[PDB]
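Step one of this worksheet: look at the structure below.
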Amino acid sequence: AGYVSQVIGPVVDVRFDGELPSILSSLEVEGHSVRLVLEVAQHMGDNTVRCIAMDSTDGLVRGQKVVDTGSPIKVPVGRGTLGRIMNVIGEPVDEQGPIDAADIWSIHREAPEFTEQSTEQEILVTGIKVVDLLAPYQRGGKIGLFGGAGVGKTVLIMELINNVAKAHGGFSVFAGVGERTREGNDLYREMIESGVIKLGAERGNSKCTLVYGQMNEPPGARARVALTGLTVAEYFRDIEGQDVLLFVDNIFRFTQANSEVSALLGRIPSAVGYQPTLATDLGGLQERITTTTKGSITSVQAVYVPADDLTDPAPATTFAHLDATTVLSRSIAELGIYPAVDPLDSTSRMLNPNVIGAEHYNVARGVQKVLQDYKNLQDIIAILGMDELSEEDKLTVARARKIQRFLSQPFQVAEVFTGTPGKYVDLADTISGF
Amino acid sequence: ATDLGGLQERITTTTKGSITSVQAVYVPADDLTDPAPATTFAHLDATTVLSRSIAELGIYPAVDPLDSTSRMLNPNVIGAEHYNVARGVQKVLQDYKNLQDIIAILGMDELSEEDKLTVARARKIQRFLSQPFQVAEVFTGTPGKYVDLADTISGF
Amino acid sequence: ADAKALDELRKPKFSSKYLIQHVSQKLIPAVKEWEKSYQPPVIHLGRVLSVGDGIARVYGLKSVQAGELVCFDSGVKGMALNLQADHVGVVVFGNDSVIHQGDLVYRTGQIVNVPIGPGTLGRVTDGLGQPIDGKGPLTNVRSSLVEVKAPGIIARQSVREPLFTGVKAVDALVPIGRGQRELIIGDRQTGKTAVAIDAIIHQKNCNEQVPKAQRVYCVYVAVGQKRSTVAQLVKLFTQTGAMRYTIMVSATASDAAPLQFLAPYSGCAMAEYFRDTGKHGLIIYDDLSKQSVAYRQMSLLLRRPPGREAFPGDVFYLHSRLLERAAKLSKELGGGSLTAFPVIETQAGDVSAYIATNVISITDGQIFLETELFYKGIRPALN
Amino acid sequence: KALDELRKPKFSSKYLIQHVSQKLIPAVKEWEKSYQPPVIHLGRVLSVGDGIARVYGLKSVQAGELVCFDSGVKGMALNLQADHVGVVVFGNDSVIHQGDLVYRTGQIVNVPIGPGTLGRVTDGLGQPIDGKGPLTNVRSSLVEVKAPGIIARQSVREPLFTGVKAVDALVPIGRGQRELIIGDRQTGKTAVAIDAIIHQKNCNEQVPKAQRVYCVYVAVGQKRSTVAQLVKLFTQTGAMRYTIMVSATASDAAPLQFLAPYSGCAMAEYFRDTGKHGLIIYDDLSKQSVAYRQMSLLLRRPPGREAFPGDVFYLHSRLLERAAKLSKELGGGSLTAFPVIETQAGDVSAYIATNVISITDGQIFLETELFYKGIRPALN
Amino acid sequence: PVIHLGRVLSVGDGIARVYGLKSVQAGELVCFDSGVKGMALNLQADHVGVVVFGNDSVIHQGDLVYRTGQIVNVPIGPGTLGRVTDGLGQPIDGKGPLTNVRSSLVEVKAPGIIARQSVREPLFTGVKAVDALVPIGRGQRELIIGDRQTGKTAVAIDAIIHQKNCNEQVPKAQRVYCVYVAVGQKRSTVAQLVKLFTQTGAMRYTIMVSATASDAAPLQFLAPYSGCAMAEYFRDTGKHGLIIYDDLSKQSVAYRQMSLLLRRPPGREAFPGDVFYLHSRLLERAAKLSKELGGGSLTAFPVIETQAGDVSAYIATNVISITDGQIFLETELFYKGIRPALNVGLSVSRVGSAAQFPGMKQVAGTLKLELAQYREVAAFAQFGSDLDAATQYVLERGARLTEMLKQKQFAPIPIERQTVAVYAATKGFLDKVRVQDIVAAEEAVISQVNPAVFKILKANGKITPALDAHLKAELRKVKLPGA
Amino acid sequence: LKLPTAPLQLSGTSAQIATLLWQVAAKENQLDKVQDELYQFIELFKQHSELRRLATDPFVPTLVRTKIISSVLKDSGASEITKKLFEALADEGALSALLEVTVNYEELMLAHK
Ligand SMILES: Nc1ncnc2c1ncn2[C@@H]1O[C@H](COP(=O)(O)OP(=O)(O)OP(=O)(O)O)[C@@H](O)[C@H]1O
Ligand SMILES: Nc1ncnc2c1ncn2[C@@H]1O[C@H](COP(=O)(O)OP(=O)(O)OP(=O)(O)O)[C@@H](O)[C@H]1O
Ligand SMILES: Nc1ncnc2c1ncn2[C@@H]1O[C@H](COP(=O)(O)OP(=O)(O)OP(=O)(O)O)[C@@H](O)[C@H]1O
Ligand SMILES: [Mg+2]
Ligand SMILES: [Mg+2]
């Protein structure tokens, strides 16, 4: 009912002689080599809408028929999407047939309202000792994961998927926002061998939904693929009633893709070249990740800092939403300590004695004090001597070294290639053990 | 980049004849990062970079001995007796610059006389790159010198 | 094509009418067969020409005041910012995805206003005064404008009364007068709201011990904050009893940037009810640095030129006309007061930023919260 | 007065007179016959200049379609707007005038791919510039192809040997990964990339035919003297028997330098898709982005952080994600990319340098401080 | 005399769009019917853009604009000497009309290659930090670049004041007539310089072209060109000129105002694309003409203000490219007690010693070499590491030499006195003297040394061997403080 | 092809239509029929508010706006130059240029004599 008016890169103008589609509605270009889905960005006037394409616009002709779907991008949600790879517009990329959809949900959604919100602010038990003691995870919170390569981030992702499914009974969604396709395939094959994704007839016993928007996709497809990951996690929260994990892998690439679609739509860039709507394009994502009366969504979001600059507006806007940080370090990984969570750099807002109690607080405040006193004397051990310093100062060195070792833990998803069995550690056994 | 590229790609040696081009390039604020000098760098076979810090030291011509790069500096082009002297002069002048971080702070007493020898060798090399020009007789006040190629390799 | 040459086309100069009368007997039959393809014409109503970026361009609306509440047929409010010759550009107080080209825009006839009064005490409203606490509409209340001019020089007096915060470092070292503005400025996670929450809980302990004229009625405005933090704060005020004296204006991070830009003016108008009736107000603008970011978004989307930090240039007047409304009134105006506590988030201790130095040159003092004293456990980390 | 509503007009088309002229001059009694402009598969040049032709008409042209001017100079329909087409010109725009006829060719941009491209030095559009005749044993293939998805790939395991000891020990490179050679000017960027191409000539005569690796060197924005020095070096060593050279030099138009990494990748994607192994080297990815920034500022697309287009990340990611290691049911072939990014004063915080660091797997940082210390390759 | 008429379409911010005036030239003076003048700058197809020489409040919509037929011109000649004029010619000192004068264009093509000769004769500033280290020949453009209050104006005023001292002693041909163009300055500030120049006597040879901050932006853009046209009268008729453009930094800001309001697209720092051409058109008119064209010269002194010593500024980098030399003035050298605060390590003169005093070409060669040795050894004794006693000799002698280059702000020393002062410091005769009273020791060296030994060094221009020994044998029969 | 030259040259996008309107009316010798048919349309907008709704109102469809002007300019006062211009000005919504294209038609007509 509408026809293509302009094609300027990834930005398509469609002209509707009848009534216009709503902003954020989905438009299908009738007749094209690949399925081209447009999302309405604005009403330009003169019966024209401006759209951002979810695929390539090469081969698009002015006058091509465009069919309005009457709704935003609608993706399959349910338990049938578990263990599948899905793209932004809901198509299966894993090449295992159609997706057995319980429902088809719009990926655009307002945040849960004020009466629907939870006021309680409790702790999500993860079974990992170092992030249950020193940097606890808020149930319904946002967690910055400051990992990288070779710090065992992928094993930490799959162990969080495992222990939340095993203990708390909730599923997981992985939103690969702007991921490399070599790394997105490496995650898929690592999840198959570690048991969190199963293939074939045992597909329903998988615990994670992969929602992938790759780097070679246009900036509109990467900017909306984190909202496709929300909508799968919001079905488990609002219909299944579960404590869902979400993994927005590289929340910076969500910002970076939304900054590209603002630049292509002709908007004047804000401070540091970011979009004027960076606070509200990021805050519109993060406010759907919350606890409601039905269930909760907890998101572990990998955070990239652009120029090693925490005052850059993309991490500074992101850190206003984050309720905990888990920093993975190579220095902890070179000591054989796995998981490589830095016990001092990792922070949580759940770590004060009014939400976790004074018993749990003083242990974690006491553990962090001991390793701080041990690791600021490492420039007086090497230049004076190990047997030089006092018997009390080396009592801390003996106590910290058997705490720095005790933050290690064998993981259940890592036991198919390490031999040692995995061990879920409860919260009371971590406080009393430390 | 394409206005500049349309000009430079005509200044070439063809099978008919040869154009040996010498282009001065002004860098705006002693800034080779600036895009108008930085686009010119990919067009040239020899980029003599002149520095203000060599000029303020009194060494004239104020050629940066490290930043000046030529495509004639392969050993299979100028021989090995020219390539190893040029690669050896650049090594002593780079070691001195890594030592001059600590000379201007401490003062050349704790280098164990292996690094004290390469400071005095580079300081002789720095002045020996200076040369009176025949057109700067009115400026420098000295008659200019034409140094042959064999006498440069023999001296350094 | 000068203007002296086009007004000559006012007077008739044809002297030949062989198709003036020909189409006049055919125009009305031609218009009549295309009537179901005509939208009805619009003069005092409005029709949306173009909507996008949270700004609607509205044809018509011949009698809108500048800065007036307009209402779309979707139920969403707007504010007529610029009346132009051909359209009126409104900014949408809500989600612009529900507004279409061709939608009717209605006139409310009133410049942008919020409900103020005694019945807004105890409630959680949005940036426009609509209550989001779910416990009904606002009763025992009346509408007042959100862009009231501040009282002048002769309508003020000096601050005399001491408005106890209840914080030990504050009331001893940087004590707060009752008609004063005090900036709470610090880095992220430095107890900025903690100092402003303890000020609000403290008035509940003092209001039940003072004789009805020295009572302080607090107002908390949250701009750009997560809904969960706002909901965890209404639970804390309800369980301490501080909600009886507190209004909670909330424009969270998911809300539209014109709702976050307007929420401190909406809350200041509700707190000005107590200033203008001889009572005493306390207002906290938590993250006024987030209200300037929301106003920077609306100015860049209106294609206004960037500034020093890409801010509109009138971002000083954004906060100066806001914080000048926190005054101590004179005895002929009732003697009421309004005490403001703006909150500014600072990046890495840098107080020489644009929005930080603006509010410092507006407010009467500062409460600097150092992030190194906060890490050492000295809390409140008063520099 | 009642006529004040029409005092000033407003037009939704800048080229209103070119629609009015298509209805007034065919109303003359003479020119009702034989004189009417075709607009569907033809076009008229409205404006020329700086390698952009604004073209009225071409109603049925596709986005990215190769169009032809009546002088034989080709072009790509890049802006498709409501009244005109913005055409980036594949040559000098001096031969194009206002009112020239623009024909659409029906085809999106194509390059010859196949075994006939080996040994040949082509331009940014596939036409040979070494003067040895046309490309014989080739076939036409698209230039901007979709990169292979998740299931089409497998894990990068087989090593690609650069022959450089600093690389092959410290920064190991696998068949199917994309490694950035980033550094300053004259830090040995090409030295590392030419050593990779020369070493695959040595390795190819000692491995079976399924394990041979065929190189493609894309020279963007270099001069013809340097490119001819590199064909002479590749012929003296014998590495031209496995190397394609795609050369869009500095005098070429900015659409040729923009399309040459995509033209060389499509020539290199032939070996990946048929089970063999490829090695694609972009001499200057940064130079390509400067050429793409030229077309977008001239097509009046909105400027970004360094005046680059918003999709300039999508420019390089869509190119570099085409370097994959394919799965065993797609032949198992591979394509290894070596983008080259020239930094200025060694900062990797530059807009284009931050983009390619994100897209690629690793980086080979070459530092000019180590270059004067005798280290070579000055690998950080 | 048919006069073309243009109707004003709209007038705002000192710019008036005019309908009609098809015959008007680009850069033509127009006349509004309010009496205020204008200049047609961008001739568009539908209107003319006119910058208004004055206050645009008197111009209404539909006012009549007459063209005057003429490109913008100013009165040039000897009748402008002594008078304070505004941005285009008209005198503002209240002394009547400019008598004995002639109207010439302000935008003249600069003299080309075949109209020059080599800059060989010196222009003495009277500032001995300048005349020794960065000497300036006649026909050379020299930048005085510095900070907000680094004494840049003082260096320029001392060049003007010193020419009056030279013009009373030279013959009629080699007399320097100064022009001081004050762009964007305070009017009180300009009136303190006319008060200084009549008290000094320098106003006999000085033209004062004043475009203050209250003037319109096309009056301050155009005032360097109108002052250069007054200064080019002396260059074109065989005499010698000296033009000082105080704050060309403020001319570019006034040119950025007209460009931004004529809707020209902004470049770096919202500046016009042809800003470089704004100053290279002007400064290339400072030439030394050949003897076929009279032999006359024009010496320029542009003044550029930097912000925090940021010479990497857009307009600052442009003028360093145009001018021959550079007098860089530093803020921290100013407060260390070094006045004038000249950065000797950054101040060059591209003409060099080809056009300097021969009596200081041999004496100040070792001055700038011993000061080059003084600079790097003072960076190392800044820490307090160690001493060498040959490092401490050049660290002690250059401290006499830095203290020797200091000068009083309103007194310009003659070239003969400066060479004697530099001789007494470079031949060791001002050793055995404390470093603190060399500012007062050299008053003895000028006074007690014979007043007839300066005459021989002035007439010869060079210390002859019959004078090189005779004055060093008089630099011992002098009584220095302390000793 | 070749058209007559306009007597005086004019500016663009409304005075450029009047130049082309003058050129096809000088070829057909209709320089005062097409001129006076313009003056009738200046009057016709003053009479009928629904005719000037087809030039100011942006919400009339372009299918309606071109099928009123084609269906009232029939069978009387056609001249094939007024008829073909005003369907072109209605196809693009440029019917509000009708005052401004008439004034520049008069300056071409006055310079023709
Ligand atoms: N005096 C105090 N003693 C102990 N904990 C405190 C104190 N004040 C605040 N906190 C705690 O410190 C943390 C940060 O304080 P708060 O949230 O008030 O800071 P903020 O400036 O509002 O930070 P944000 O930028 O996250 O809004 C919270 O967990 C809070 O409960
Ligand atoms: N390993 C090496 N040993 C010796 N010389 C080397 C080595 N690598 C590079 N060079 C030399 O360094 C110079 C510059 O290196 P090269 O041109 O290969 O680097 P580049 O980064 O591509 O430079 P450009 O910026 O000019 O493109 C050349 O003379 C080259 O031969
Ligand atoms: N050599 C000097 N000795 C003593 N005082 C000096 C000297 N040079 C300048 N001054 C004084 O220092 C102050 C600044 O000098 P001046 O006003 O000439 O500087 P400027 O660079 O023109 O600064 P402005 O930005 O005000 O124009 C004045 O009071 C001036 O008299
Ligand atoms: Mg807070
Ligand atoms: Mg190279």
Side-chain angles (χ1 to χ4, degrees), chain C residues 1-16, chain D residues 3 6-9 11 16-18 20-21 23-25 27-31, chain E residues 1-9 17-25 28 30 40 43-48 62 64-67 69, chain F residues 1-43 79-86 88-89 94 96-113:
Chain C
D2 51 289
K4 195 263 180 184
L6 272 79
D7 72 303
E8 299 158 11
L9 261 59
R10 160 190 70 254
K11 47 187 181 70
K13 40 194 62 186
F14 43 93
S15 308
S16 296
Chain D
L3 215 51
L6 312 164
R7 182 62 60 91
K8 43 171 180 176
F11 308 127
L16 162 67
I17 189 58
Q18 276 81 20
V20 170
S21 179
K23 290 210 167 173
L24 278 188
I25 77 169
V28 161
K29 298 282 102 176
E30 304 176 3
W31 310 314
Chain E
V2 123
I3 344 199
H4 295 249
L5 258 46
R7 282 308 197 320
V8 167
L9 282 173
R17 315 246 165 241
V18 159
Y19 175 81
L21 264 183
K22 259 292 156 167
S23 31
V24 92
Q25 304 158 269
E28 174 173 350
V30 311
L43 317 182
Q44 300 193 357
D46 50 352
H47 63 88
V48 189
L64 278 178
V65 183
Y66 321 112
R67 58 185 288 250
Chain F
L1 276 71
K2 186 177 286 293
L3 271 161
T5 67
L8 47 81
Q9 66 266 29
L10 286 175
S11 296
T13 205
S14 158
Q16 215 187 4
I17 301 175
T19 298
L20 184 92
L21 187 69
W22 188 93
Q23 285 180 328
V24 298
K27 180 67 67 181
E28 291 290 329
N29 274 100
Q30 304 194 38
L31 282 178
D32 198 73
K33 190 196 204 301
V34 178
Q35 184 187 352
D36 206 301
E37 285 199 38
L38 283 168
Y39 282 140
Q40 289 189 74
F41 271 90
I42 310 297
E43 194 80 17
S79 177
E80 282 312 301
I81 305 298
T82 293
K83 262 199 60 179
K84 282 298 180 187
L85 177 69
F86 292 160
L89 298 184
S96 63
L98 199 140
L99 288 188
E100 279 269 7
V101 76
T102 314
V103 179
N104 301 273
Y105 199 85
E106 299 159 55
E107 293 181 353
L108 293 160
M109 279 307 296
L110 184 52
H112 188 52
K113 40 186 58 52

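The figures here come from the full heavy-atom set of this structure, side chains too, leaving out hydrogens, waters and symmetry mates. Residue numbers begin at 1 in each chain, while the letters A, B, ... track the order of the sequences.
- Remark: D/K23 NZ to F/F86 CZ distance equals 13.5 Å, nearest 0.5 Å.
- In terms of heavy atoms, E/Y19 sits closest to C/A1 at OH-N, 3.7 Å.
- The two residues E/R7 and E/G62 make their nearest non-hydrogen contact at CD-O, 3.8 Å.
- Taking the side chain as every heavy atom from C-beta outward, C/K11 and C/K13 approach each other to under 4.5 Å.
- Under 4.0 Å is where a charged nitrogen must lie from a carboxylate oxygen, and between D/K29 and F/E28 no such pair does.
- Taken from CZ in F/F41 to CG in F/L99, the straight-line distance is 13.0 Å, to the nearest 0.5 Å.
- The two residues F/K27 and F/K2 have their closest heavy-atom pair at NZ-O, 4.0 Å.
- In this structure, the side chains of D/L3 and F/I42 come closer than 4.5 Å at one or more pairs of heavy atoms.
- Looking at every heavy atom in both residues, E/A45 comes nearest to E/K22 through O-NZ, 3.9 Å.
- For D/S21 (side chain) and D/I17 (main-chain N/O), no donor-acceptor pair under 3.5 Å exists by modelled atom type.
- More than 12 non-hydrogen atoms from other residues, nucleotides or ligands lie less than 6.0 angstrom from CG of E/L5.
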Enumerate donor-acceptor pairs with a distance under 3.5 Å from any side-chain N or O in residues 11-22 of chain F to protein atoms, sequence neighbours excluded.
from	atom 1	to	atom 2	distance (Å)
F/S14	OG	F/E100	O	3.3
F/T19	OG1	F/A15	O	2.9

Check against side-chain contact (heavy atoms from CB on, under 4.5 Å), F/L31 and F/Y105: CA-CA 10 Å; F/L31 282 178; F/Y105 199 85; 3.5 Å; yes
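- To the nearest 0.5 Å, atom CG of residue F/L3 and atom CD1 of residue D/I25 are 6.5 Å apart.
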Residues D/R7, C/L6; criterion side-chain contact (heavy atoms from CB on, under 4.5 Å); working and verdict: CA-CA 8 Å; D/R7 182 62 60 91; C/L6 272 79; 3.6 Å; yes
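- By the 4.5 Å heavy-atom criterion applied to side chains, D/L6 and F/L98 are not counted as neighbours.
- When each of F/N104, F/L108, F/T102 is checked for a side-chain contact (heavy atoms from CB on, under 4.5 Å) with F/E106, only F/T102 meets the rule.
- Within 6.0 Å of the CD atom in F/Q9, the count of heavy atoms belonging to other residues, nucleotides or ligands does not exceed 12.
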Working for side chain to side chain donor-acceptor pair (under 3.5 Å), residues C/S16 and F/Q40: CA-CA 8 Å; C/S16 296; F/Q40 289 189 74; over 6 Å; no
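- Heavy-atom neighbours of F/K113 NZ from other residues, nucleotides or ligands within 6.0 Å: above the threshold of 12.
- When every heavy atom of F/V24 is checked against every heavy atom of D/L24, the shortest pair comes out as CG1-O, 4.1 Å.
- Among all heavy-atom pairs drawn from E/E28 and E/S23, the shortest one is OE1-O, 4.4 Å.
- Applying the salt bridge (charged side-chain N to carboxylate O under 4.0 Å, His left out) rule to C/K4 yields the partners C/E8; only residues at least two apart in sequence or on another chain are considered.
- F/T82 places none of its side-chain heavy atoms less than 4.5 Å from the side chain of F/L38.
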F/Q30/F/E80 under side-chain contact (heavy atoms from CB on, under 4.5 Å): CA gap, chis, key distance, verdict: CA-CA 10 Å; F/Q30 304 194 38; F/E80 282 312 301; over 6 Å; no
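- In this structure a side-chain-to-backbone donor-acceptor pair under 3.5 Å is present from F/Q23 to F/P4.
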Step-by-step side-chain contact (heavy atoms from CB on, under 4.5 Å) determination, E/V18 to E/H47: CA-CA 5 Å; E/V18 159; E/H47 63 88; over 6 Å; no
